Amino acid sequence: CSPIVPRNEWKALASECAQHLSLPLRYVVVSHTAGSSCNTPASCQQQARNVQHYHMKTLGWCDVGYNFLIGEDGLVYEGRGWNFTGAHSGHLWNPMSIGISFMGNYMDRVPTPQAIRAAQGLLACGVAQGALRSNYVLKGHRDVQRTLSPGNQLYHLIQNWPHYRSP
């Protein structure tokens, strides 16, 4: 697989989540956090902690919502991971998708190429390792929830990715 920064490495609080995903999944949903971006390991580790803190302490969720987070440092940050149901795309989508989120707001610009590569590698690993059906469907957050996520420019980008379709 491609490299993922493990939870302990970004100093994540422990998960309190219990719900497991039933693999393999038919969907990936790409979001943006609409929060701050980051472009070094140090700042992106802190940004992952910020998102987690928001989700757990402010919102009361059992863990950071996303299965994975993508930094503009070019690294993937382990969130709930491949096996645990996320909280990213609404109650009906959570159990049937992997939610990956780019840290930042991509309404007006795209993530840097190292971020795009990291996300694409992650999905390729997801397919290789059996988390995702070989023919999975890629969706933008806005395709399944009321939101502009993952941002106009990033949305236009992913509409051209393999596995994108519709809606």
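Each residue number is its position in the shown sequence, starting from 1.
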Residue range whose averaged C-alpha B-factor is higher in the record, 156-164 or 4-12: 156-164
Of 39-47 and 129-137, the stretch whose C-alpha atoms average the higher B-factor in the entry: 129-137
Member of 118, 103, 59, 29 with the greatest C-alpha B factor (per the PDB record): 59
Within-chain third of residue 92 by Cα B-factor, per the entry: highest
Lowest, middle or highest third - CA B-factor, residue 147: middle
Position of residue 122 among the chain's modelled residues by C-alpha B-factor, lowest, middle or highest third: middle
